[PDB]
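1. Just the first chains of my complex for now:
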Amino acid sequence: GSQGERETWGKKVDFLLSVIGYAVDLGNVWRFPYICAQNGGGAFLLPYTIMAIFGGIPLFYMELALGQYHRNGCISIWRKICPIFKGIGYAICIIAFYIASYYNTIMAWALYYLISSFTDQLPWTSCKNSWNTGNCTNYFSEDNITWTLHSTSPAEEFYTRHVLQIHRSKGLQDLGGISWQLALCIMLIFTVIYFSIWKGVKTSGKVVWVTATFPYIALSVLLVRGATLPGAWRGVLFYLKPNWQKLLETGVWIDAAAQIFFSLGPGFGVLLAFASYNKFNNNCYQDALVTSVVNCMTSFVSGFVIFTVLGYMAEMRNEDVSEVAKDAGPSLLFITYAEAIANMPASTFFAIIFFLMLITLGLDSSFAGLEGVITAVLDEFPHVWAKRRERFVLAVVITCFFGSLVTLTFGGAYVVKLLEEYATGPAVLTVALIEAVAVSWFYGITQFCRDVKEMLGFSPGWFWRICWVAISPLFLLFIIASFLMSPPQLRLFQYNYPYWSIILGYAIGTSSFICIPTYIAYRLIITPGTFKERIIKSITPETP
Amino acid sequence: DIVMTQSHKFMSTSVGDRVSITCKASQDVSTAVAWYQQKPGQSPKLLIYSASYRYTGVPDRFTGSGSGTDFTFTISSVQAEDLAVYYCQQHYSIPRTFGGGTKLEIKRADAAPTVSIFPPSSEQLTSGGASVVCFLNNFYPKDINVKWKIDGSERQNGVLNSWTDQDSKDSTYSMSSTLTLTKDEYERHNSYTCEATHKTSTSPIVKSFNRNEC
């Protein structure tokens, strides 16, 4: 009665592009070209696929299958599998809030850059502005110029002193106050995601049509543009030059594993929610396969889109694209690439489509990012929730805005690094390992192959059973152990993070998954009788 | 890394001729080549930067050309003070490497080597040694034979020939032939004689002196 069965998706292509749009984001565009260039060049293509075939694809497919089979949220699905691990469904929620605290602000920057890209003369071309210093030296000026340790470029000046305004803060210690411009930008973004989420999967399935197809068009325009630029072969050479001695280093394998894990994004509850709304007899294998393989291919061509332009930039300057692509962060897009676009014909066009591309790269992923949590909460508190969806979605968008006010400060970029590298990563990897173990070693892999055999009509191959049993948990275990054994020393804009930053990162990191052990203790302490009977009634799913 | 290869280790030219030094790089360089000049006994001095551009305080006779991997440093009017070793260096990729170096030697007309023999001084006889010295000044080219004669017999042991670098005023080499001997042997012979064979004349220049208090 009343609700009973849940709703279903409006078309196969909508869900196929929704998952693709969530999988593809900023990092696919710029993190993969950098990590591919600095870790063996073209030879990075070899371990990147292995970590996919053995690690990424099995987690992606197993998550999309569990989601499309059980049709439950990230929280209520554990009550029907392993109640003690229900805290997982909560942990991810908290995790999402941290991601949403910064991932949108980044887009805000692009948005503030987009609304600043409608002028006939781009603001970051000249030095006669209200934010430039006396060190600002630009081009279209007297030739012979020689760069100095204190000299700066109008683009670097525009990012540093105008939009980001990071010169007004001394670090994590002093970062206040808040920039109202980026607050309004992130409000507009939280509004464009509000009207794209508030109705449920109908609008995020209609809006995804645009958010997921535009980046390929923009990447195509930038691609055929950058291929025509003189001296673009240098960036391609630096992008594909095989350096097989890097493969001897045990670091590049960990870099590839981590990169393909985030980029694929299993273990977050997004694929669970997206798979939940679908036909029971609908095929899941082909969907997961195609989407992931596209997500990789798209990264691969994005590499060219970036390195052709950076090759042209190295030609205009003096070569060694590694020198011009030293900084691995937002500065590679907001300063370097932007300065390269400004020196091209129809600069307004390629700027509008570039920043618009960035925003459209981000939107689909935060759409999903919220979609998983909303689905989880609505499925965990039914009839206490779902009274309206707009109320909860609004409470989340607003919560993310107040959670992003720390990032909208002058030293907000500092917090972005802190949140992006020390907090979300190791916790998502941790909960992904816990989930992979619970589904593989608690619920039983044989019964899982039986559920896929019921849904798809055939039992999964031995390659996948042997992947879920041993290969995938060791795949996540390797990354977690590698990170925990040596957290990277953070540095951003000639500013090294204090030594206690990692403690703050761990505090944010630890505060996310306090619920899974405290919930195991909660259910283990609430259910009467012996601990063996409590863990037996707590590990085995509900019989009816 | 980058290998800047200068094939010609030595190049000969005359005062007023057009001389060009080549520089071969490993990979493509675009226009990131600098030319430095190091005079014998001085520190390198920057002349060209970014293939063709001249640095402040550099005469107009030094030029630069090339775009890619092979680059050329050209001197229009070679002067006597242009005698130095020239180096090319890439300034794009880390690390910055240099070339082998091309010592530009100046070619001119022949010159007669002024030979001057010198008897061991009294301060050295006081210390207990005696070295007859034979100087060869202002000649060209470098190839020149030096023969020693204690008392008519060709002396060959204890002779050290030291060739200096070319001159930066008149472009004339100079060398020193040293005959180091003991005091006891010096006071048992009287007239020493050193002769030099050069290409300016067929007859070797012969110099002689007497030990009996000159």
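-> Cool, got the structure. Residues are numbered from 1 along each chain as shown, chains lettered A, B, ... in the order given.
2. any idea where the helices of the stretch 201-350 of chain A begin and end?
-> Under the criterion DSSP state H, counting those that start in this stretch, the stretch 201-350 of chain A carries helices at the ranges A:201-204, A:208-228, A:233-240, A:251-264, A:270-276, A:285-316, A:321-324, A:331, A:338-342, A:347-380.
3. of all those, which gets the most neighbours per residue?
-> helix A:270-276 (a mean of 27; mean count of other CB atoms under 10 Å in any protein chain shown). (Each C-beta comes from the backbone N, C-alpha and C, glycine too.)
4. re the thing from before, any chance of the helices of the stretch 201-350 of chain A in JSON lines with distance to chain B as columns?
-> Listed next are the helices of the stretch 201-350 of chain A as JSON lines, based on distance: least, CB to the nearest CB, whole Å:
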{"stretch": "helix A:201-204", "distance to chain B": "47"}
{"stretch": "helix A:208-228", "distance to chain B": "18"}
{"stretch": "helix A:233-240", "distance to chain B": "8"}
{"stretch": "helix A:251-264", "distance to chain B": "20"}
{"stretch": "helix A:270-276", "distance to chain B": "42"}
{"stretch": "helix A:285-316", "distance to chain B": "6"}
{"stretch": "helix A:321-324", "distance to chain B": "7"}
{"stretch": "helix A:331", "distance to chain B": "20"}
{"stretch": "helix A:338-342", "distance to chain B": "16"}
{"stretch": "helix A:347-380", "distance to chain B": "23"}
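5. Now render those as a markdown table, adding distance to residue A:66.
-> Below are these laid out as a markdown table (distance: least, CB to CB, whole Å):
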| stretch | distance to residue A:66 |
| --- | --- |
| helix A:201-204 | 18 |
| helix A:208-228 | 22 |
| helix A:233-240 | 37 |
| helix A:251-264 | 15 |
| helix A:270-276 | 7 |
| helix A:285-316 | 12 |
| helix A:321-324 | 42 |
| helix A:331 | 39 |
| helix A:338-342 | 42 |
| helix A:347-380 | 13 |
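6. then add chain C to what we have above:
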Amino acid sequence: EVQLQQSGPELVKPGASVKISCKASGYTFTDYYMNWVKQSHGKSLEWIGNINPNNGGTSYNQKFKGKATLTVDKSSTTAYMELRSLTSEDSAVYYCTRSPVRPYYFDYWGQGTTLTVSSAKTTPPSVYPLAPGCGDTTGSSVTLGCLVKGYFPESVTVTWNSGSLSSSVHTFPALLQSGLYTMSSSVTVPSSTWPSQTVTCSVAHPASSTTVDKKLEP
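-> Let me put chain C in with the others:
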């Protein structure tokens, strides 16, 4: 104007360490990268590494990683380079040169530092005058000279009358034999100033800090 004054020559035993200074003047010291170029005897230039004076931002070469250590002092605008585990290959002339960030050229260099890594004892030079004989024919010009025998290392300076005049002085490169160097110098002066006036050759040895002056006597 822009001057880079390095330290003097250094004679050090193998296995020890040596530090070379580099006092900069004539420009904004915090504006340019400070570099160190190694030049071996008869070899080419060899870039060791640079350092950012604002924070000491060093950037070494893979070939010199763990071999050279670059430091900088902003209080006196002076750079330093320390070399440990010294061998025979390190006996060379080292320069410190200024350089901008882009284009990365070496606009101004130091005078150099002659480094000799050997266990040979610092031997004082024996200065013996080389005066023309009293039986020679005094023509339009007489050729004088002084002799330096037995010293180590290659650190010697032979001047003539405080550098006046020296428009015809020929200095011959030192020759190494049995662990000791030996060189000579000459000077062609007209016959209307000798032996009337005073012509005295000065021989300085910075390694042993010994300056012996000898006057020529026919």
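7. which parts of chain C sit against chain A?
-> With CB under 8 Å from any CB of the partner chain as the criterion, chain C meets chain A at residues C:30, C:31, C:32, C:33, C:52, C:53, C:54, C:100, C:101, C:102, C:103.
8. same question, chain B
-> Residues of chain B lying close to chain A (CB under 8 Å from any CB) are B:28, B:29, B:30, B:31, B:32, B:50, B:53, B:91, B:92, B:93, B:94.
9. Doesn't the second one lie inside a strand?
-> Same thing as residue B:29. No. Counting by DSSP: H, G, I helix; E, B strand; the rest coil, one finds residue B:29 to be coil, located in no strand.
10. Test my guess that it contacts residue B:88.
-> No. Look at residue B:29 against residue B:88 with CB atoms under 8 Å: they stay out of range, at 10.3 Å.
11. okay, the two: which has more neighbours?
-> residue B:88 (28 against 24; other CB atoms under 10 Å in any protein chain shown).
12. Relative to chain A, how far out is that one?
-> From residue B:88 across to chain A, the span is 15 Å (CB to the nearest CB, to the nearest Å).
13. now residue B:144
-> 48 Å.
14. which residues does that residue contact?
-> The contact partners of residue B:144, taken as CB atoms under 8 Å, 6 or more residues apart in numbering or on different chains, are B:113, B:136, B:173, B:175, B:196, B:197, B:198, B:199.
15. Next: residue B:46.
-> B:34, B:35, B:36, B:55, C:105, C:106, C:107, C:108.
16. and chain B, what are its domains?
-> B:1-108, B:109-211 (CATH domains of a matching chain).
17. what about the residue in chain B positioned nearest to chain C, helix or strand, and which?
-> Of all residues in chain B, the one sitting closest to chain C is residue B:214 (3.5 Å; CB to the nearest CB). Residue B:214 is part of no helix or strand when elements are defined by DSSP states H and E.
18. neighbours of it, just the number please.
-> Neighbour tally, residue B:214, other CB under 10 Å: 13.
19. Thank you kindly, that will do.
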